[PDB]
Ligand SMILES: *[C@@H]1O[C@H](CO)[C@@H](O[C@@H]2O[C@H](CO)[C@@H](O[C@@H]3O[C@H](CO)[C@@H](O)[C@H](O)[C@@H]3O)[C@H](O)[C@H]2NC(C)=O)[C@H](O)[C@H]1NC(C)=O
Ligand SMILES: *[C@@H]1O[C@H](CO)[C@@H](O[C@@H]2O[C@H](CO)[C@@H](O)[C@H](O)[C@H]2NC(C)=O)[C@H](O)[C@H]1NC(C)=O
Ligand SMILES: *[C@@H]1O[C@H](CO)[C@@H](O)[C@H](O)[C@H]1NC(C)=O
Ligand SMILES: *[C@@H]1O[C@H](CO)[C@@H](O)[C@H](O)[C@H]1NC(C)=O
Ligand SMILES: *[C@@H]1O[C@H](CO)[C@@H](O)[C@H](O)[C@H]1NC(C)=O
Ligand SMILES: *[C@@H]1O[C@H](CO)[C@@H](O)[C@H](O)[C@H]1NC(C)=O
Ligand SMILES: *[C@@H]1O[C@H](CO)[C@@H](O)[C@H](O)[C@H]1NC(C)=O
Ligand SMILES: *[C@@H]1O[C@H](CO)[C@@H](O)[C@H](O)[C@H]1NC(C)=O
Ligand SMILES: *[C@@H]1O[C@H](CO)[C@@H](O)[C@H](O)[C@H]1NC(C)=O
Ligand SMILES: *[C@@H]1O[C@H](CO)[C@@H](O)[C@H](O)[C@H]1NC(C)=O
Ligand SMILES: *[C@@H]1O[C@H](CO)[C@@H](O)[C@H](O)[C@H]1NC(C)=O
Ligand SMILES: *[C@@H]1O[C@H](CO)[C@@H](O)[C@H](O)[C@H]1NC(C)=O
Ligand SMILES: *[C@@H]1O[C@H](CO)[C@@H](O)[C@H](O)[C@H]1NC(C)=O
Ligand SMILES: *[C@@H]1O[C@H](CO)[C@@H](O)[C@H](O)[C@H]1NC(C)=O
Ligand SMILES: *[C@@H]1O[C@H](CO)[C@@H](O)[C@H](O)[C@H]1NC(C)=O
Ligand SMILES: *[C@@H]1O[C@H](CO)[C@@H](O)[C@H](O)[C@H]1NC(C)=O
Ligand SMILES: *[C@@H]1O[C@H](CO)[C@@H](O)[C@H](O)[C@H]1NC(C)=O
Ligand SMILES: *[C@@H]1O[C@H](CO)[C@@H](O)[C@H](O)[C@H]1NC(C)=O
Ligand SMILES: *[C@@H]1O[C@H](CO)[C@@H](O)[C@H](O)[C@H]1NC(C)=O
Ligand SMILES: *[C@@H]1O[C@H](CO)[C@@H](O)[C@H](O)[C@H]1NC(C)=O
Ligand SMILES: *[C@@H]1O[C@H](CO)[C@@H](O)[C@H](O)[C@H]1NC(C)=O
Ligand SMILES: *[C@@H]1O[C@H](CO)[C@@H](O)[C@H](O)[C@H]1NC(C)=O
Ligand SMILES: *[C@@H]1O[C@H](CO)[C@@H](O)[C@H](O)[C@H]1NC(C)=O
């Protein structure tokens, strides 16, 4: 003899996909539309609540990807569009005074650029990296993108430095944070807590190696959608960071010319001192220990008596064959073949790096950006907090892979799930309406 | 036959048929289409 | 015929230099000006 | 086991006041409704008052609505009753009882599960 | 705290209804999210109003429990079960219950109108 | 008229509550303003609902006045004071009062549920 | 079904009020349409609240029928007339009725407050 009683405000929630708000504490990522963060955010532990998570079906990754691309494009829109730069270049090798086994990496290109008035042209001598030009057939060159896309110049006043971005639930929704140590990105999570916003996630854009991210609480964690499927990427989250010191040692001098009313073109003018190659320093012992830990964790899935071999990326665009990253305002492409070249059976390392000014990001074709050169010598120190690996028999072979930015977000968003609150419910009580 | 004002010559008359009339329309010439690049990322398609 | 209601015995402290209606009017006037100019001839060829 | 132990007064002149205090153990006090049931020395028993598990609701027999107040302190595991204007017809043994009501989300009671030993109130 | 009772029993969680009720309401994509959140909130409030529960968080009704929906004891539901488990167990019966609640309130409104019509 | 009672006493102004209640509700920037105005309105209606005042403009409650919040006489508040002055005097106590009102209604809802459970 | 009673008598149509009530709520141009639809819904709910009808679909009041608004018999209105015809016949009197309903509820709220003030 029980009756239906209606309850509103019950702690019941169903998985849902919604739009999250942006919050943050010139900069390409800083946005005036992001709400100031909570000076002391509340986190509520949900005792005795088990929630099934799946980081590869987490729609927060797709929103972050869309928001990062949208902010990038909005930043580039109010900037100089270098349409006049797709001209025939007449290039010679930079040829510095001293011999340096890097001849031809920097070219001294002469071209006729536009100016403030449409009846005059200005002869310009600019330095370009070898990777930014192709030969037409002094030799004639064109920019790599004049065949595919127009150049939008990034504004020199807007920094590319990643800043933390917090994603906050809209009212009616909640974000569940896993907090289950050694959680592998899928399955039941027993330490679930409710948060108003995510932690601060830096929009670090890199391939192969994950920089300035979160670290594992106790052990290296290997996460994959399907560990046996060779077409899926493996995200390795480290418990200890590996410090990487990357520099652009050449003292590049930046020059600027006016190309139209209100428009100026910034270009690599000269090199002071000697030409020196960009490079990254990784401690050899630390990396060797890091790989030993990764191999142990991989053996847990692939077999205690198998052989794990690391090798360089087999091919594709430089974006995916090298470790792409941006620090100091410059875009670096580091080989990494010295880090993944070993077979694991039952003082410092230096990585050569190339720098590019014409960057095609977010694997898009048709929208190229020109990164202005940064005056002086630049150096950055960052933490390697995770790896991206792919897999190709007793011996298994792993390669850096990478290139899909969604996986970089996944390495931070794997702990969060968005749920819709369903405040209505009914239950039988001994309670009859009058 | 539908019109806003049937007696007003300035208004159109819309005639809705109860049976359709089949119309077979063609461009019988075997036109060959060519394409040239006119700028970075831009191509012009023309009747070749 | 807009309504105006006198508030008898109400004293309110005003400050015209902290009045956010000025900033909105400034933004709206600039926005309308720019919207009006957008669909108009851009005289790029005149810088000769 | 479950035990209810009454503490209270003795002989009080007609028209005065007396308060009983009943301690309980062996069960969660806050999970059960409590009642007081009265038995005159030569009669059977009658219900006098009922209090909910939380203490918010109290019910009384019409003849005692203006004289008796029932209250409960769930932190002290104590059920007390206070009576004023003690009439000659109110002399009796007053028993604590556990049961008699439940708060909608529990199975029905409408009976008394546990009894104390009884305080004797005389006039 | 908000949803802190999610792992608690239905009885214990029924005492925190105002925490979630308060937290439910608390460019184009964000406006769509806010308008949709408001529409959802209003749909739930309208649905409570249709049932005669417009001002209550705990609203008792005149619809009996069929026992086919769930044949569990009150102690099994209120003391040994959470709201997430309960919601999962009867997720296939909420439209039947909602329909019965709407019909029952419509009958109640007609009965109240007729009782008020007695001079 | 709208806000015409703002300079009047609290008693006199309490008789015009429907004028302001009606007037409260009556591209991107304007949509944000309208959505926010709706969210504010709904927050106030939800808050009244939490207190059991969902359908009333003048709603009496079971929360006693502490006298620490204000030790003024009823004539001082209702005959010799305006709502703006009153709001200023207790602006530091409205969260305490709101919390007490929410707790009191939660207790009332549980008591009503238990009273309805008596066969 | 939604509006299926539109051609039915007022009596028959009064039994389907929840169908339309549920259906009423169910880039820039669409957001404006949705925000306006919400504002209209809330204006109607606020207006019912002002009259003391916040939780009812059929709400009886204390305002007498003047007979100048319509001198028809109850059978003529409820059995021989539809809601569209009725709405047309009194379209010139709805503001008078709404004003009287608001005044009557304001008087009722003051009377309830004074009755609750009797110790
Ligand atoms: C990972 O995080 C570290 C630390 O936040 C990043 O290194 C930092 O990068 C910024 C921007 O390049 C440096 O600021 C610069 O400092 C020089 C100092 O002379 C100044 O001239 C510049 O104008 C600018 O202020 C900052 O010092 C540097 N910190 C350290 C410790 O090196 C790193 O870049 C991040 N990794 C990635 C991939 O973004
Ligand atoms: C790019 O090449 C031009 C031409 O070879 C360089 O300009 C010459 O610089 C030398 C420096 O000793 C002068 O003697 C010549 O008279 C210059 N000729 C012209 C036409 O300018 C220019 O310096 C080179 N750019 C860089 C950065 O090395
Ligand atoms: C620039 O234009 C002149 C003609 O005015 C031409 O002779 C010269 O070769 C051009 N320079 C380059 C680098 O194409
Ligand atoms: C030019 O673009 C085509 C596709 O449009 C591409 O296949 C080709 O490789 C590009 N040229 C160079 C030198 O990369
Ligand atoms: C859940 O959190 C508690 C906190 O003390 C911890 O002891 C427990 O190990 C956590 N669960 C898992 C699976 O780690
Ligand atoms: C790198 O890790 C160390 C570990 O203590 C931390 O102190 C440092 O701030 C980290 N740096 C970055 C850029 O995350
Ligand atoms: C990191 O993880 C390895 C296992 O992969 C473990 O042996 C090591 O102690 C851990 N170190 C820290 C600092 O957590
Ligand atoms: C992650 O853990 C779950 C635990 O149920 C397991 O089923 C799944 O296969 C694991 N995946 C990987 C890549 O280790
Ligand atoms: C995972 O990959 C294996 C092949 O290695 C395939 O047979 C299996 O169906 C895949 N499972 C999923 C869930 O993708
Ligand atoms: C780079 O060259 C500039 C030239 O003015 C000089 O001031 C600066 O100190 C140099 N920096 C380094 C690191 O050589
Ligand atoms: C990076 O630079 C700092 C500067 O003090 C140095 O202490 C650290 O050892 C360097 N790391 C590597 C891997 O070279
Ligand atoms: C370190 O390098 C040596 C090189 O011989 C290798 O044998 C060893 O497995 C590596 N890892 C550790 C943890 O020593
Ligand atoms: C691999 O070694 C670990 C060491 O603890 C052991 O627990 C695990 O069962 C071993 N697996 C196999 C397949 O031998
Ligand atoms: C990295 O260095 C090795 C050295 O043999 C070379 O074969 C490889 O092509 C280099 N990687 C890239 C991307 O150039
Ligand atoms: C359409 O029908 C109506 C019927 O009232 C008639 O008044 C009107 O003139 C007609 N129009 C045409 C164009 O036939
Ligand atoms: C229709 O047209 C006639 C002229 O043919 C004109 O006299 C009449 O007023 C028009 N009526 C309307 C409604 O336009
Ligand atoms: C049109 O010409 C093309 C030329 O390759 C031929 O393949 C095609 O069949 C021709 N179609 C007709 C309808 O003549
Ligand atoms: C979780 O379960 C334990 C079981 O001992 C219980 O004591 C605790 O109250 C539960 N937590 C909540 C929030 O109900
Ligand atoms: C209970 O549900 C079953 C299945 O829908 C139905 O056949 C039965 O008539 C229902 N009983 C009551 C009393 O509603
Ligand atoms: C304003 O104050 C005067 C004082 O004489 C009073 O008569 C009048 O009613 C007040 N106005 C209002 C709107 O209450
Ligand atoms: C009145 O307020 C004071 C200060 O907050 C507090 O100490 C006191 O207990 C309150 N009294 C009541 C009856 O709420
Ligand atoms: C329409 O009118 C007919 C008249 O015979 C009546 O029988 C029927 O019920 C009416 N329809 C509705 C929906 O009321
Ligand atoms: C009825 O309406 C008329 C016209 O507005 C008005 O003069 C009359 O006083 C009204 N009677 C009542 C009782 O409201």
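Quick notes on this structure:
- Test: residue in segment A:188-207 that is over 20 Å from the mean Cα position of the chain (by Cα), on the phi < 0 side of the Ramachandran plot, within 16 Å of ligand 2 (Cβ to nearest atom) and in a strand (DSSP E or B): no
- Between D:103, D:75, D:71, the distinction of being surrounded by fewer than 22 Cβ atoms within 10 Å (Cβ to Cβ) and either assigned to a strand (DSSP E or B) or touching a helix residue (DSSP H, G or I) at 6+ places or on another chain (Cβ under 8 Å) (or both) belongs to D:71 only.
- Only one of the numbered conditions (1) within 25 Å of the chain's Cα centre (by Cα); (2) within 21 Å of residue F:5 (Cβ to Cβ); (3) surrounded by fewer than 10 Cβ atoms within 10 Å (Cβ to Cβ) is violated by residue C:6, and that is (1).
- Qualifying residue in segment A:262-271 (condition: within 16 Å of ligand 12 (Cβ to nearest atom) and either in contact with a helix residue (DSSP H, G or I) (Cβ under 9 Å, 6 or more places away or on another chain) or not in a strand (DSSP E or B) (or both)): no
- Checking the stated criteria, residue A:52 turns out not to satisfy the condition of being surrounded by fewer than 17 Cβ atoms within 10 Å (Cβ to Cβ), within 14 Å of chain E (Cβ to nearest Cβ) and part of a helix (DSSP H, G or I).
- Residue list for segment A:218-248, filter: within 16 Å of ligand 6 (Cβ to nearest atom) and either within 14 Å of chain E (Cβ to nearest Cβ) or touching a helix residue (DSSP H, G or I) at 6+ places or on another chain (Cβ under 6 Å) (or both): A:220, A:242
- Of everything in segment A:84-121 that is more than 18 Å from residue A:140 (Cα to Cα) and surrounded by 13 or more Cβ atoms within 10 Å (Cβ to Cβ), the residue that is farthest from ligand 4 (Cβ to nearest atom) is A:116.
- Selection from segment A:138-178 of residues that are within 14 Å of chain E (Cβ to nearest Cβ) and either within 16 Å of ligand 10 (Cβ to nearest atom) or part of a loop (DSSP other than H, G, I, E, B) (or both): A:169, A:170, A:171, A:172
- Any chance residue F:51 is under 17 Å from the mean Cα position of the chain (by Cα) and more than 29 Å from residue G:55 (Cα to Cα): no
Conditions tested, residue by residue: (1) more than 12 Å from chain E (Cβ to nearest Cβ); (2) surrounded by 16 or more Cβ atoms within 10 Å (Cβ to Cβ).
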{"position": "G:6", "(1), (2)": "yes, no"}
{"position": "G:11", "(1), (2)": "no, no"}
{"position": "G:15", "(1), (2)": "no, no"}
{"position": "G:31", "(1), (2)": "no, yes"}
{"position": "G:71", "(1), (2)": "yes, no"}
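- Exactly one residue out of A:74, A:90 is in a helix (DSSP H, G or I) and more than 16 Å from ligand 15 (Cβ to nearest atom): that is A:74.
- Of all residues in segment A:116-137, those being touching a helix residue (DSSP H, G or I) at 6+ places or on another chain (Cβ under 8 Å) and more than 14 Å from chain C (Cβ to nearest Cβ) number 1.
- Identity of the residue in segment A:27-36, under 23 Å from the mean Cα position of the chain (by Cα) and within 17 Å of residue A:198 (Cβ to Cβ), that ends up surrounded by the fewest Cβ atoms within 10 Å (Cβ to Cβ): A:31
- Residue within segment A:295-306 that is more than 14 Å from chain C (Cβ to nearest Cβ), farther than 22 Å from residue A:205 by Cα and within 16 Å of ligand 3 (Cβ to nearest atom) present: no
- Residue E:104 vs. criteria surrounded by fewer than 16 Cβ atoms within 10 Å (Cβ to Cβ) and either under 23 Å from residue F:115 (Cα atoms) or more than 16 Å from ligand 4 (Cβ to nearest atom) (or both): no
- Some residue of segment A:98-115 being part of a loop (DSSP other than H, G, I, E, B), over 30 Å from residue C:43 (Cα atoms) and within 14 Å of another protein chain (Cβ to nearest Cβ): no
- Leading residue by the ranking (farthest from residue A:146 (Cα to Cα)) among those in segment B:16-48 that are within 14 Å of chain A (Cβ to nearest Cβ) and in a strand (DSSP E or B): B:36
- Of the set (1) more than 7 Å from chain A (Cβ to nearest Cβ); (2) surrounded by fewer than 19 Cβ atoms within 10 Å (Cβ to Cβ); (3) under 18 Å from residue G:23 (Cα atoms), all apply to residue E:44 but (1).
- Entirely in segment A:305-406, the strands (runs of 3 or more DSSP E) that have 2 or more residues that are exposed (fewer than 15 other Cβ atoms within 10 Å of the Cβ) and over 17 Å from the mean Cα position of the chain (by Cα): A:342-345, A:348-356, A:376-391
- Unique match (being over 30 Å from residue A:287 (Cα atoms), away from ligand 20 (no atom under 16 Å from the Cβ) and in contact with a strand residue (DSSP E or B) (Cβ under 8 Å, 6 or more places away or on another chain)) among A:201, A:221, A:175: A:175
- In segment F:17-29, the qualifying residues are those that are surrounded by fewer than 15 Cβ atoms within 10 Å (Cβ to Cβ) and within 11 Å of chain C (Cβ to nearest Cβ), and the one that is farthest from the chain's Cα centre (by Cα) is F:27.
- Against the test of being within 28 Å of the chain's Cα centre (by Cα) and more than 30 Å from residue E:88 (Cβ to Cβ), the options A:62, A:52, A:66 yield a single qualifying residue, A:66.
- Flag for residue A:215 being more than 16 Å from ligand 12 (Cβ to nearest atom), buried (at least 21 other Cβ atoms within 10 Å of the Cβ) and either within 17 Å of residue A:387 (Cβ to Cβ) or within 14 Å of chain E (Cβ to nearest Cβ) (or both): no
Every residue, every condition in (1) more than 14 Å from every other protein chain (Cβ to nearest Cβ); (2) away from ligand 8 (no atom under 16 Å from the Cβ); (3) more than 30 Å from residue A:227 (Cβ to Cβ), yes or no:
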| site | (1), (2), (3) |
| --- | --- |
| A:261 | no, yes, yes |
| A:281 | yes, yes, yes |
| A:285 | yes, yes, no |
| A:292 | yes, yes, no |
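FYI, it's all coordinate maths here, none of it is from the lab. FYI the Cβ positions are ideal-geometry reconstructions off the backbone, even for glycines, and counts take in every protein chain you see.
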